[PDB]
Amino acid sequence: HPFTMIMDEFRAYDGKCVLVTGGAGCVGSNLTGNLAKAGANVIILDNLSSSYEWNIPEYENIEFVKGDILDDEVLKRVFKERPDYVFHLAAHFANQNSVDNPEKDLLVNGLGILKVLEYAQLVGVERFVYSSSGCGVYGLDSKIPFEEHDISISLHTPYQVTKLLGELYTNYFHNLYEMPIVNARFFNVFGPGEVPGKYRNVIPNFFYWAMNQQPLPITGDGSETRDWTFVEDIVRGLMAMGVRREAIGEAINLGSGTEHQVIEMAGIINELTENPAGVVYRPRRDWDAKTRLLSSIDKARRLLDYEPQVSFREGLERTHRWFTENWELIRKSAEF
């Protein structure tokens, strides 16, 4: 097998204490499962504001703490366990939600990461890994494909603003207090573990609508593109970031390095679900000025030996399977 660094680099988590904020969500549920498999003791802190307790994997060594990253009482409760690793995935999500609710977005994404960083400073951590966003740091003035040095300060939603703000604070803690941080810049993550809903991503919403035989609403002309990254590839990146010394202090894109049109994505989902309803065209969402996103993943290749293992098609099949296996829980949980 070629998977020597994926397997034995990660055994480094065995017996370690890992706090995952936002651990009941899409990336979090996948990450926490893999950490538990690697023998970590995992603490999830999540307020379930955009996630469901049933999504958390069932492992003896995962402890679920329902609470808010803005609440200093619960923060002391988890940080007195002295986590060796913090993966900070909790966030007010995402673009539209943030335009509607900019102050709550700042409190959760700004004051929330600041508090979590402050407690991490008090106890000391081997690593603090933050889920930043490609959309959040690359602007219309950034060249495609996006390289990590080529960030923008001219953004289109409060979510984008506060994703960058997170990097501003992790870099600050690194610079002044020598905290070993890593800034992961995710690109349109998808896969098992994202329940559909009003403020959620297009792929799970399209699966939900397609499986109710509804037409898929395309917000644009369909030629808009995204770099969609399968969640298990994201997780492999994150786990590498926790242990590689060369990741310390760095910002690193986690993407597929390929782009697909919205119309293709919709076609694949309709094909897999045997949806006869096709698509309908709607106007672009007003804040959606960045209609092409494509990452450069060469830095991740260099520092992490990161390489996506799952094709777009394979990813969508795995997503479909999760939908069919959990359809009743999803039906009940989805809030539009």
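Counting begins at 1, following the sequence as shown.
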(request) Take the C-alpha B-factors listed in the entry for 239-247 and for 121-129, compute each mean, and give the stretch with the larger one. (result) 239-247
(message) Quick check on the record: does 274-282 or 28-36 carry the larger mean Cα temperature factor?
(response) 274-282
(request) Among all modelled residues of this chain, ranked by Cα B factor, put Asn61 in the bottom, middle or top third, i.e. lowest, middle or highest. (result) highest
(message) Is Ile297 in the lowest, middle or highest third of its chain when residues are ranked by C-alpha B-factor?
(response) middle
(request) Taking the values exactly as deposited, rank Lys198 by C-alpha B-factor within its chain and report the matching third: lowest, middle or highest. (result) highest
(message) How does the C-alpha B factor of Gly166 compare with the rest of the chain: lowest, middle or highest third?
(response) lowest
(message) Taking only the Cα B-factors deposited for this chain, tell me whether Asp288 sits in the lowest, middle or highest third.
(response) middle
